[PDB]
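In what follows, a structure is listed as structure tokens, so that the remarks can point back to it.
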Amino acid sequence: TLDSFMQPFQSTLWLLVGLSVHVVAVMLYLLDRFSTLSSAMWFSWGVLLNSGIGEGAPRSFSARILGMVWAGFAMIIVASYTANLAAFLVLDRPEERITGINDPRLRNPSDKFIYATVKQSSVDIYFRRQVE
Amino acid sequence: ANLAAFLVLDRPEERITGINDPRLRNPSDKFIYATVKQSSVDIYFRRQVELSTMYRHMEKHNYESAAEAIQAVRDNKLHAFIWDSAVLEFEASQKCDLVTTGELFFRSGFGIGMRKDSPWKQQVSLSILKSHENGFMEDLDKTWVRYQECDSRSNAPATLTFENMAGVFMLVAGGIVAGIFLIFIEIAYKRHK
Amino acid sequence: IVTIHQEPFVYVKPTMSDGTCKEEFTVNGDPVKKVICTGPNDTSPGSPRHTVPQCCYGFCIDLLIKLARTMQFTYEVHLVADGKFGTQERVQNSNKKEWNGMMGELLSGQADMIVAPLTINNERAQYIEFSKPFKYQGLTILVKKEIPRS
Amino acid sequence: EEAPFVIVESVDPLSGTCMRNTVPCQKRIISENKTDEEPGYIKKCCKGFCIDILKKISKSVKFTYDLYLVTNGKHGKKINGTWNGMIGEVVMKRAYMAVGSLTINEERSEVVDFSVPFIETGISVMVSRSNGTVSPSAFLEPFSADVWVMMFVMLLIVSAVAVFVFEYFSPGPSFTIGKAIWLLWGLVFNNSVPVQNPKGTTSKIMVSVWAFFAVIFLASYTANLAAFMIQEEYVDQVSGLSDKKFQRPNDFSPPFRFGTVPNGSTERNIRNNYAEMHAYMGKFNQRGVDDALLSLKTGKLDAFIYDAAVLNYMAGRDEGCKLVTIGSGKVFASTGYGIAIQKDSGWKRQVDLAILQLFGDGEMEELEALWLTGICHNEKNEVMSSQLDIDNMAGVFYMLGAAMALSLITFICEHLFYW
Amino acid sequence: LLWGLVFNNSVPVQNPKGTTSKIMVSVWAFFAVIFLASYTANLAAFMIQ
Ligand SMILES: N[C@@H](CCC(=O)O)C(=O)O
């Protein structure tokens with residue numbers, strides 16, 4: 001579990017979703033003007049950050065359709081983000097550790113796994129009595 | 001959170017895999033398992049001195065043939081049946097109501113029988129060794145032992161069906177007539193006020 | 001040659017009224033080659049002790065036809081009256097020990113070859129020879145789907 | 001000296017002997033100066049699964065055996081009619097039995113008697129794990145298209161009929177159908193699209209019912225979205241040695257690199273059946289198993305043909321999970337190993353009975369679980385720590401672009417119809 | 001306003017005025033959505049044990 005909040009999405013995806021909102025707001029403002037701008041920008045930002053800002057909605061039919069599609073897109077973005085964030089926030093652990101002495105890890109001692117005991121003791125005598 | 005947790009986590013049954021499990025070591029009256037009498041599997045099962053109770057529980061009731069055994073285990077009667085891997089695999093491929101669960105043990109091929117001394121016995125071995133690496137046995141296996149009629153379970157997460165959609169649609173339909181009745185009551189009350 | 005009944009290996013279908021089997025093509029497009037058996041009755045040979053002609057085809061029959069075409073010999077396939085593989089009958093009540101079933105019929109001199117899914121082990125191969133296996137398999141457990149409807 | 005069925009152990013640094021459960025091994029080396037003589041005065045230690053099988057056979061038949069390594073050939077191939085190697089050493093009266101990883105084929109069985117097989121072997125191609133990029137339309141996975149159409153038509157009918165009737169019956173401009181459907185649209189997509197709230201107790205009750213329906217629909221929708229946005233749908237490169245990719249690689253894609261090592265049973269099996277394939281692989285012949293594995297890992301080739309058992313063992317007992325065999329357990333020309341015995345012998349029946357007794361005793365499964373378990377031999381672990389890059393969830397940008405184009409064409413149509 | 005914002009929503013409030021106020025509201029809404037995405041991770045499993 002990394003100590004951050006931008007982990008579920010990559011930097012490229014963050015940059016793309018940050019650039020998309022600006023061009024969507026610009027297109028909405030242009031369609032509302034040639035068929036106001038700051039209000040549309042704040043609306044596009046509030047339908048993305050889920051805040052309570054936003055004065056009014058545009059009146060053009062195509063503008064209304066585009067705004068509804070952008071709102072549905074922001075909803076899907078938020079849902080995917082929270083799903084990804086909950087995905088690796090719980091149930092993240094290895095299967096099992098060493099439990100027995102007859103495991104193949106101890107049968108083939110490698111250089112990475114180092115294990116020993118105290119010399120001149122009964123544990124060493126018991127360990128040297130196993131012919132296998 | 002509760003609605004998400006209970007429509008999820010549909011994990012596989014994870015039934016018995018090995019033969020040395022404590023379930024088969026201590027055969028109870030609830031779990032009934034047997035095989036076909038007068039066969040090599042019974043001889044292999046009676047050779048394990050550590051499974052004398054299991055062999056006794058198995059031999060307490062044995063079927064007459066494999067057909068009767070599969071017909072019994074199919075109609076919710078027998079709990080477990082042990083046989084060859086190929087026969088059970090073909091049965092699971094043909095009938096998709098049964099799934100083979102377990103690990104392979106006592107691997108032994110199928111060989112043609114003969115007398116104690118005959119040149120035909122020496123010729124059949126060479127014929128099989130020559131015809132087994134020329135795609136003939138592979139072709140016969142792909143023709144007779146390769147159907148793949150049923151589906152697969154490669155993906156555990158499955159999509160949703162039309163289960164709760166009908167429920168919420170009936171709920172909306174009832175709410176419609178409820179609102180109609182409420183509007184009628186409102187009009188009747190406003191007519192007197 | 002004595003064959004045993006097996007679901008995926010040896011099929012046993014009744015013949016037509018004429019005297020032969022209903023010739024039916026496969027899905028690949030080749031005519032299925034089938035032979036006629038003379039096995040026991042359907043239920044058991046005990047009460048209705050009478051043999052009726054039947055049809056025989058499958059993996060074992062195909063391998064038998066291949067071997068017959070390769071070595072150019074003749075055969076007479078017929079099922080076993082016991083209907084079982086066989087076991088070691090060493091009961092001391094009769095003071096005698098002998099094999100029964102298909103192996104018992106083979107050792108009695110009635111048959112010469114066995115084309116059937118017969119496994120390989122010490123007890124059976126101690127008295128008869130086994131050639132190289134043509135198919136490998138193992139043992140497993142078959143259970144129901146249990147119908148997960150949580 | 002091969003895969004850990006029978007392995008050679010070096011001499012002890014100070015003890016000068018072999019450890020427990022080990023037999024004295026002899027190796028004759030003739031690569032030194034042959035001025036006077038050099039009969040390979042070198043003694044080593046040998047052990048493994050094959051040594052365990054040999055000890056189990058010797059403890060049941062009660063015989064004594066010596067160990068002698070061959071320095072002529074690997075396994076033995078027909079070169080000008082004179083067998084050189086272990087087969088040649090057995091046929092030249094220099095030995096009686098031959099144990100190890102020898103393959104049983106037609107020629108060797110015709111010239112040398114073999115015992116019953118004790119392990120399954122076959123031909124299987126080993127290729128690198130090909131990974132998928134992304135499955136498109138992943139955001140519509142936890143639902144059916146019919147369900148979407150039903151939800152849409154229900155939304156439309158409910159909005160129109162309910163709002164119109166309840167506004168006309170029950171007593172700011174009028175509440176048109178546009179705002180009527182806009183209210184329900186804002187209500188099911190989580191919220192915030194600023195919307196024009198209605199008047200009337202029954203209208204508010206219907207809005208509350210629709211809000212309950214919407215809050216049920218979102219809980220039902222993100223049940224398993226993350227689980228569906230991770231699947232890659234891995235696809236195998238080739239099905240086997242039967243398509244045109246290996247039969248005729250002449251008029252096809254850029255030359256696919258594939259081959260095997262010479263002087264083996266699989267080489268002869270391919271030469272007898274596939275002449276053109278063998279002629280093509282002759283230029284891509286390897287010079288060892290480890291060298292071929294390193295070449296496959298680097299990228300100089302993408303297919304290796306060898307025995308199924310050793311390839312599966314190397315794929316399992318490897319660093320993590322690097323390569324996997326195609327088909328997940330496929331074997332071509334299924335054969336088995338054995339013990340080569342001299343022609344017209346009597347110990348063949350005893351060896352067969354001992355092998356059958358060992359199979360019936362259950363020790364073979366224990367020896368296999370002790371000497372054939374691998375790291376990646378088990379199933380793949382759960383896929384966690386995802387990134388969800390542009391290609392992972394870019395499937396909604398296509399919808400966004402299509403909606404932008406639809407808005408543009410509708411604006412153009414409205415401007416054209418206005419005149 | 002801020003309390004309604006971290007709650008999830010709908011407690012009804014008057015929207016402020018000013019660009020800096022709107023920026024602060026957006027930052028608080030991002031903090032609020034982060035808090036719910038990090039609060040309902042394993043609540044179901046934790047309320048049963
Ligand atoms: N070269 C061997 C096959 C490969 C192997 O066993 O490593 C043979 O011809 O039998």
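Ordered as shown in the structure tokens, chains take letters A, B, and onward, while each chain numbers its residues from 1 and ligands are numbered from 1 in the order shown.
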
| request: Show me which residues sit within 7 Å of ligand 1 when counting only C-alpha atoms and all ligand atoms, and put them as a PyMOL selection string. | output: chain D and resi 74-76+101-103+263-266+306-307

| Distance-based interface of chain D with chain C, 9 Å, counting only C-alpha atoms, as a list in words | residues 116, 117, 120, 334, 352, 353, 354, 355, 356, 357, 359 and 360 of chain D

For the selection you just gave me, I'd like the residues written to a file as an mmCIF file, in the first residue's frame, keeping N, CA and C atoms.
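This is the output file selection_8.cif:
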```
data_model
loop_
_atom_site.group_PDB
_atom_site.id
_atom_site.type_symbol
_atom_site.label_atom_id
_atom_site.label_comp_id
_atom_site.auth_asym_id
_atom_site.auth_seq_id
_atom_site.Cartn_x
_atom_site.Cartn_y
_atom_site.Cartn_z
ATOM 1 N N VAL D 116 9.086 -51.710 -19.037
ATOM 2 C CA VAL D 116 7.821 -50.964 -19.040
ATOM 3 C C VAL D 116 8.100 -49.502 -18.711
ATOM 4 N N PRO D 117 7.380 -48.554 -19.307
ATOM 5 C CA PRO D 117 7.628 -47.140 -19.005
ATOM 6 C C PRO D 117 7.244 -46.794 -17.575
ATOM 7 N N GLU D 120 5.694 -40.389 -18.183
ATOM 8 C CA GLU D 120 5.155 -39.940 -19.457
ATOM 9 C C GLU D 120 6.072 -38.900 -20.090
ATOM 10 N N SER D 334 3.177 -39.189 -27.704
ATOM 11 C CA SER D 334 3.372 -39.532 -26.300
ATOM 12 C C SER D 334 4.176 -40.818 -26.161
ATOM 13 N N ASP D 352 10.421 -55.476 -14.869
ATOM 14 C CA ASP D 352 9.023 -55.113 -15.076
ATOM 15 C C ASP D 352 8.198 -55.351 -13.817
ATOM 16 N N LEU D 353 8.411 -56.490 -13.153
ATOM 17 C CA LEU D 353 7.676 -56.775 -11.925
ATOM 18 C C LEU D 353 8.030 -55.782 -10.826
ATOM 19 N N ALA D 354 9.307 -55.401 -10.730
ATOM 20 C CA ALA D 354 9.709 -54.422 -9.725
ATOM 21 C C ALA D 354 9.078 -53.061 -9.996
ATOM 22 N N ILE D 355 9.037 -52.644 -11.263
ATOM 23 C CA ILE D 355 8.421 -51.364 -11.601
ATOM 24 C C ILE D 355 6.926 -51.396 -11.306
ATOM 25 N N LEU D 356 6.258 -52.506 -11.631
ATOM 26 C CA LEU D 356 4.831 -52.615 -11.344
ATOM 27 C C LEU D 356 4.567 -52.607 -9.843
ATOM 28 N N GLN D 357 5.434 -53.255 -9.061
ATOM 29 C CA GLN D 357 5.269 -53.246 -7.610
ATOM 30 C C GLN D 357 5.489 -51.851 -7.039
ATOM 31 N N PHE D 359 4.927 -49.061 -8.644
ATOM 32 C CA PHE D 359 3.752 -48.279 -9.022
ATOM 33 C C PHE D 359 2.560 -48.609 -8.133
ATOM 34 N N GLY D 360 2.371 -49.892 -7.813
ATOM 35 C CA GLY D 360 1.274 -50.286 -6.947
ATOM 36 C C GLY D 360 1.475 -49.927 -5.490
#
```

| request: With a distance cut-off of 8 Å and only C-alpha atoms, select the neighbouring residues of stretch 76-86 of chain C, excluding the residue or stretch itself and same-chain residues fewer than 3 positions from it, and output the selection as a VMD selection string. | output: (chain B and resid 38 to 39 65) or (chain C and resid 1 to 5 36 to 40 45 99 to 105 118)

| task | Would you kindly report the residues of chain A within 8 Å of chain D, using only C-alpha atoms, as JSON, numbers by chain? | result | {"A": [7, 8, 9, 10, 12, 13, 35, 46, 47, 50, 51, 52, 54, 55, 56, 57, 62, 63, 65, 66, 68, 69, 70, 71, 72, 73, 75, 79, 80, 83, 84, 87, 88, 131, 132]}

Go ahead and write the selection's residues with N, CA and C atoms as a CSV table (one decimal), in the first residue's frame.
```
chain,number,residue,atom,x,y,z
A,7,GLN,N,-2.2,7.1,-7.1
A,7,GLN,CA,-1.7,5.8,-7.6
A,7,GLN,C,-2.7,5.1,-8.6
A,8,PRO,N,-4.0,5.0,-8.3
A,8,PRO,CA,-4.8,4.3,-9.3
A,8,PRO,C,-4.8,4.7,-10.7
A,9,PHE,N,-4.5,6.0,-11.0
A,9,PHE,CA,-4.4,6.5,-12.3
A,9,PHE,C,-3.0,7.0,-12.6
A,10,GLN,N,-2.6,6.7,-13.9
A,10,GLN,CA,-1.2,7.1,-14.3
A,10,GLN,C,-1.2,8.6,-14.6
A,12,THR,N,-0.2,10.1,-17.3
A,12,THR,CA,-0.8,10.3,-18.7
A,12,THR,C,-2.3,10.4,-18.6
A,13,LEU,N,-2.9,9.5,-17.9
A,13,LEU,CA,-4.4,9.6,-17.8
A,13,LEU,C,-4.8,10.8,-17.0
A,35,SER,N,-25.0,29.6,-31.1
A,35,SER,CA,-26.2,28.9,-31.4
A,35,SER,C,-27.2,29.0,-30.3
A,46,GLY,N,-17.9,21.7,-11.9
A,46,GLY,CA,-18.7,21.2,-10.8
A,46,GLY,C,-19.3,19.8,-11.1
A,47,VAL,N,-19.6,19.5,-12.3
A,47,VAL,CA,-20.1,18.2,-12.7
A,47,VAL,C,-19.0,17.2,-12.8
A,50,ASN,N,-17.9,17.0,-8.5
A,50,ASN,CA,-19.1,16.7,-7.7
A,50,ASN,C,-19.4,17.8,-6.7
A,51,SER,N,-18.9,19.0,-6.9
A,51,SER,CA,-19.2,20.1,-5.9
A,51,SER,C,-20.5,20.7,-6.2
A,52,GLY,N,-20.9,21.6,-5.3
A,52,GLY,CA,-22.2,22.3,-5.4
A,52,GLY,C,-22.3,23.6,-6.3
A,54,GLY,N,-22.2,26.0,-9.8
A,54,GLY,CA,-23.0,25.9,-11.0
A,54,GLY,C,-24.2,26.8,-10.9
A,55,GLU,N,-24.3,27.8,-11.8
A,55,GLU,CA,-25.4,28.7,-11.8
A,55,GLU,C,-26.6,28.1,-12.5
A,56,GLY,N,-26.4,27.9,-13.8
A,56,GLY,CA,-27.4,27.4,-14.7
A,56,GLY,C,-26.9,26.5,-15.8
A,57,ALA,N,-27.8,25.9,-16.5
A,57,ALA,CA,-27.5,25.0,-17.6
A,57,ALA,C,-27.8,25.7,-19.0
A,62,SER,N,-28.2,20.6,-28.6
A,62,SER,CA,-27.0,19.9,-28.7
A,62,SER,C,-26.1,20.2,-27.5
A,63,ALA,N,-26.1,21.4,-27.0
A,63,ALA,CA,-25.3,21.7,-25.8
A,63,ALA,C,-25.8,20.9,-24.6
A,65,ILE,N,-27.3,18.0,-24.7
A,65,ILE,CA,-26.9,16.6,-24.9
A,65,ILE,C,-25.4,16.4,-24.6
A,66,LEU,N,-24.6,17.4,-25.0
A,66,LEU,CA,-23.1,17.3,-24.8
A,66,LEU,C,-22.8,17.4,-23.3
A,68,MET,N,-24.9,16.5,-20.8
A,68,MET,CA,-25.4,15.2,-20.2
A,68,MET,C,-24.3,14.1,-20.5
A,69,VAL,N,-23.8,14.1,-21.7
A,69,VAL,CA,-22.8,13.1,-21.9
A,69,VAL,C,-21.5,13.3,-21.1
A,70,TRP,N,-21.1,14.6,-21.0
A,70,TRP,CA,-19.9,14.9,-20.1
A,70,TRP,C,-20.2,14.6,-18.7
A,71,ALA,N,-21.4,14.8,-18.2
A,71,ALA,CA,-21.7,14.4,-16.8
A,71,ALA,C,-21.7,12.9,-16.6
A,72,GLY,N,-22.2,12.2,-17.6
A,72,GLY,CA,-22.1,10.7,-17.5
A,72,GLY,C,-20.7,10.2,-17.6
A,73,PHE,N,-19.9,10.9,-18.4
A,73,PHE,CA,-18.4,10.6,-18.5
A,73,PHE,C,-17.7,10.8,-17.1
A,75,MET,N,-19.1,10.8,-14.2
A,75,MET,CA,-19.6,9.8,-13.3
A,75,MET,C,-18.9,8.5,-13.4
A,79,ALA,N,-16.5,6.7,-10.7
A,79,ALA,CA,-16.7,5.3,-10.3
A,79,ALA,C,-15.5,4.4,-10.5
A,80,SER,N,-14.8,4.6,-11.7
A,80,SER,CA,-13.6,3.8,-11.9
A,80,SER,C,-12.5,4.2,-11.0
A,83,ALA,N,-13.3,2.6,-7.6
A,83,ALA,CA,-13.2,1.2,-7.7
A,83,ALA,C,-11.7,0.8,-7.6
A,84,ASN,N,-10.9,1.5,-8.4
A,84,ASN,CA,-9.5,1.2,-8.4
A,84,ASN,C,-8.8,1.5,-7.1
A,87,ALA,N,-9.7,-1.3,-4.8
A,87,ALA,CA,-9.2,-2.6,-5.2
A,87,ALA,C,-7.9,-3.0,-4.5
A,88,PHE,N,-7.0,-2.1,-4.3
A,88,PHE,CA,-5.7,-2.4,-3.6
A,88,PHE,C,-5.6,-1.8,-2.2
A,131,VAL,N,19.5,-38.2,8.7
A,131,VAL,CA,20.3,-38.6,7.6
A,131,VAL,C,19.8,-37.9,6.3
A,132,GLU,N,18.5,-37.5,6.2
A,132,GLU,CA,18.0,-36.9,5.0
A,132,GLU,C,18.2,-35.4,5.0
```

Give me, as a Markdown table, each residue of chain B that comes within 7 Å of chain D, together with its shortest interatomic pair and the distance in Å at one decimal, counting only C-alpha atoms, with rows ordered by chain and rising residue number.
```
| residue | atom | partner | partner_atom | distance |
| --- | --- | --- | --- | --- |
| B:3 | CA | D:219 | CA | 6.9 |
| B:4 | CA | D:223 | CA | 5.2 |
| B:7 | CA | D:223 | CA | 7.0 |
| B:8 | CA | D:223 | CA | 6.9 |
| B:44 | CA | D:360 | CA | 6.7 |
| B:106 | CA | D:359 | CA | 6.7 |
| B:126 | CA | D:106 | CA | 6.9 |
| B:129 | CA | D:106 | CA | 5.8 |
| B:130 | CA | D:106 | CA | 6.0 |
| B:132 | CA | D:333 | CA | 6.5 |
| B:133 | CA | D:333 | CA | 4.7 |
| B:159 | CA | D:142 | CA | 4.8 |
| B:160 | CA | D:143 | CA | 5.7 |
| B:168 | CA | D:213 | CA | 6.9 |
| B:179 | CA | D:202 | CA | 5.6 |
| B:182 | CA | D:202 | CA | 6.5 |
| B:183 | CA | D:202 | CA | 6.1 |
```

Listing only residues of chain B within 9 Å of chain E, what is the closest atom pair and its distance in Å (to one decimal) for each, using only C-alpha atoms, sorted by chain and residue number ascending, as CSV?
```
residue,atom,partner,partner_atom,distance
B:1,CA,E:44,CA,5.5
B:2,CA,E:44,CA,5.7
B:4,CA,E:44,CA,8.8
B:5,CA,E:44,CA,7.0
```

| task | Give the residues of chain E that lie within 12 Å of chain D; count only C-alpha atoms, and format the answer as a PyMOL selection string. | result | chain E and resi 8-10

| Which residues come within 7 Å of residue D:39, counting only C-alpha atoms, excluding same-chain residues fewer than 4 positions away, as a ChimeraX atom specification? | /D:28-30

| request: Write out as a PyMOL selection string each polymer residue whose atoms come within 10 Å of residue B:79, counting only C-alpha atoms; drop sequence neighbours fewer than 5 positions from it. | output: (chain B and resi 30-34+72-74) or (chain C and resi 141-144)

Keeping N, CA, C and O atoms, export the residues of the selection given above as a PDB file, in the first residue's frame.
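Below is the file out39.pdb, written as the result:
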```
ATOM      1  N   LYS B  30     -22.732 -40.028   6.254  1.00  0.00           N
ATOM      2  CA  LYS B  30     -23.233 -38.994   5.355  1.00  0.00           C
ATOM      3  C   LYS B  30     -22.534 -39.040   4.001  1.00  0.00           C
ATOM      4  O   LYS B  30     -23.186 -38.919   2.959  1.00  0.00           O
ATOM      5  N   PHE B  31     -21.214 -39.212   3.995  1.00  0.00           N
ATOM      6  CA  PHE B  31     -20.437 -39.268   2.762  1.00  0.00           C
ATOM      7  C   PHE B  31     -20.347 -40.720   2.306  1.00  0.00           C
ATOM      8  O   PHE B  31     -19.726 -41.553   2.974  1.00  0.00           O
ATOM      9  N   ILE B  32     -20.968 -41.023   1.169  1.00  0.00           N
ATOM     10  CA  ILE B  32     -20.990 -42.368   0.607  1.00  0.00           C
ATOM     11  C   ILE B  32     -20.198 -42.352  -0.693  1.00  0.00           C
ATOM     12  O   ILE B  32     -20.513 -41.585  -1.611  1.00  0.00           O
ATOM     13  N   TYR B  33     -19.171 -43.196  -0.770  1.00  0.00           N
ATOM     14  CA  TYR B  33     -18.348 -43.317  -1.963  1.00  0.00           C
ATOM     15  C   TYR B  33     -18.034 -44.786  -2.203  1.00  0.00           C
ATOM     16  O   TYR B  33     -17.777 -45.536  -1.258  1.00  0.00           O
ATOM     17  N   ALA B  34     -18.058 -45.190  -3.470  1.00  0.00           N
ATOM     18  CA  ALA B  34     -17.815 -46.577  -3.841  1.00  0.00           C
ATOM     19  C   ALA B  34     -17.318 -46.614  -5.280  1.00  0.00           C
ATOM     20  O   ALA B  34     -17.217 -45.585  -5.951  1.00  0.00           O
ATOM     21  N   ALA B  72     -26.590 -43.948 -11.024  1.00  0.00           N
ATOM     22  CA  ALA B  72     -26.911 -43.679  -9.628  1.00  0.00           C
ATOM     23  C   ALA B  72     -26.326 -42.346  -9.177  1.00  0.00           C
ATOM     24  O   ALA B  72     -27.023 -41.524  -8.573  1.00  0.00           O
ATOM     25  N   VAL B  73     -25.045 -42.108  -9.474  1.00  0.00           N
ATOM     26  CA  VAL B  73     -24.406 -40.869  -9.048  1.00  0.00           C
ATOM     27  C   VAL B  73     -24.970 -39.661  -9.789  1.00  0.00           C
ATOM     28  O   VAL B  73     -24.817 -38.527  -9.322  1.00  0.00           O
ATOM     29  N   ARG B  74     -25.631 -39.873 -10.929  1.00  0.00           N
ATOM     30  CA  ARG B  74     -26.202 -38.748 -11.661  1.00  0.00           C
ATOM     31  C   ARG B  74     -27.501 -38.270 -11.021  1.00  0.00           C
ATOM     32  O   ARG B  74     -27.756 -37.063 -10.952  1.00  0.00           O
TER      33      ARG B  74
ATOM     34  N   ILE C 141     -11.840 -38.266  -9.045  1.00  0.00           N
ATOM     35  CA  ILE C 141     -13.153 -38.332  -8.417  1.00  0.00           C
ATOM     36  C   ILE C 141     -14.112 -37.452  -9.204  1.00  0.00           C
ATOM     37  O   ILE C 141     -13.770 -36.326  -9.582  1.00  0.00           O
ATOM     38  N   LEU C 142     -15.314 -37.968  -9.450  1.00  0.00           N
ATOM     39  CA  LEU C 142     -16.346 -37.254 -10.192  1.00  0.00           C
ATOM     40  C   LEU C 142     -17.456 -36.861  -9.228  1.00  0.00           C
ATOM     41  O   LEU C 142     -18.057 -37.728  -8.584  1.00  0.00           O
ATOM     42  N   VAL C 143     -17.723 -35.558  -9.130  1.00  0.00           N
ATOM     43  CA  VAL C 143     -18.746 -35.030  -8.236  1.00  0.00           C
ATOM     44  C   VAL C 143     -19.687 -34.136  -9.034  1.00  0.00           C
ATOM     45  O   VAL C 143     -19.403 -33.750 -10.170  1.00  0.00           O
ATOM     46  N   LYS C 144     -20.821 -33.811  -8.418  1.00  0.00           N
ATOM     47  CA  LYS C 144     -21.806 -32.959  -9.067  1.00  0.00           C
ATOM     48  C   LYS C 144     -21.362 -31.501  -9.034  1.00  0.00           C
ATOM     49  O   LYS C 144     -20.406 -31.132  -8.346  1.00  0.00           O
TER      50      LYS C 144
END
```

With a cut-off of 10 Å, could you pull out the residues of chain E touching chain A and give me the nearest pair of atoms for each, distance in Å to one decimal, using only C-alpha atoms, ordered by chain and ascending number, as CSV?
```
residue,atom,partner,partner_atom,distance
E:1,CA,A:52,CA,9.0
E:4,CA,A:52,CA,9.6
E:5,CA,A:51,CA,7.4
E:8,CA,A:50,CA,9.3
E:9,CA,A:52,CA,8.8
E:10,CA,A:52,CA,9.2
E:12,CA,A:52,CA,9.6
E:13,CA,A:52,CA,8.7
E:14,CA,A:52,CA,9.0
E:15,CA,A:53,CA,6.3
E:16,CA,A:53,CA,8.2
E:17,CA,A:53,CA,9.5
E:19,CA,A:42,CA,9.8
E:22,CA,A:53,CA,7.2
E:25,CA,A:51,CA,7.0
E:26,CA,A:51,CA,6.2
E:27,CA,A:49,CA,8.6
E:28,CA,A:51,CA,8.5
E:29,CA,A:51,CA,5.6
E:30,CA,A:49,CA,6.3
E:31,CA,A:49,CA,10.0
E:32,CA,A:50,CA,9.5
E:33,CA,A:50,CA,8.1
E:34,CA,A:5,CA,8.1
E:36,CA,A:82,CA,8.6
E:37,CA,A:82,CA,5.2
E:38,CA,A:86,CA,7.1
E:39,CA,A:86,CA,9.3
E:40,CA,A:86,CA,8.0
E:41,CA,A:86,CA,5.2
E:42,CA,A:90,CA,6.7
```

I'd like the neighbourhood of stretch 58-62 of chain B as a PDB file with N, CA and C atoms, in the first residue's frame, where a residue qualifies if any of its atoms comes within 7 Å (using only C-alpha atoms), though same-chain residues fewer than 3 positions away should be ignored.
```pdb
ATOM      1  N   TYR B  33     -19.171 -43.196  -0.770  1.00  0.00           N
ATOM      2  CA  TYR B  33     -18.348 -43.317  -1.963  1.00  0.00           C
ATOM      3  C   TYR B  33     -18.034 -44.786  -2.203  1.00  0.00           C
ATOM      4  N   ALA B  34     -18.058 -45.190  -3.470  1.00  0.00           N
ATOM      5  CA  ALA B  34     -17.815 -46.577  -3.841  1.00  0.00           C
ATOM      6  C   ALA B  34     -17.318 -46.614  -5.280  1.00  0.00           C
ATOM      7  N   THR B  35     -17.007 -47.821  -5.749  1.00  0.00           N
ATOM      8  CA  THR B  35     -16.529 -48.035  -7.109  1.00  0.00           C
ATOM      9  C   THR B  35     -17.158 -49.319  -7.638  1.00  0.00           C
ATOM     10  N   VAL B  36     -16.650 -49.796  -8.769  1.00  0.00           N
ATOM     11  CA  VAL B  36     -17.153 -51.012  -9.398  1.00  0.00           C
ATOM     12  C   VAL B  36     -16.371 -52.204  -8.862  1.00  0.00           C
ATOM     13  N   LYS B  37     -17.091 -53.242  -8.446  1.00  0.00           N
ATOM     14  CA  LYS B  37     -16.451 -54.434  -7.914  1.00  0.00           C
ATOM     15  C   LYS B  37     -15.752 -55.213  -9.024  1.00  0.00           C
ATOM     16  N   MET B  54     -11.440 -47.363   5.116  1.00  0.00           N
ATOM     17  CA  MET B  54     -11.968 -46.835   3.862  1.00  0.00           C
ATOM     18  C   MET B  54     -12.285 -47.959   2.884  1.00  0.00           C
ATOM     19  N   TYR B  55     -11.405 -48.960   2.793  1.00  0.00           N
ATOM     20  CA  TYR B  55     -11.668 -50.090   1.909  1.00  0.00           C
ATOM     21  C   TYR B  55     -12.884 -50.882   2.370  1.00  0.00           C
TER      22      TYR B  55
END
```
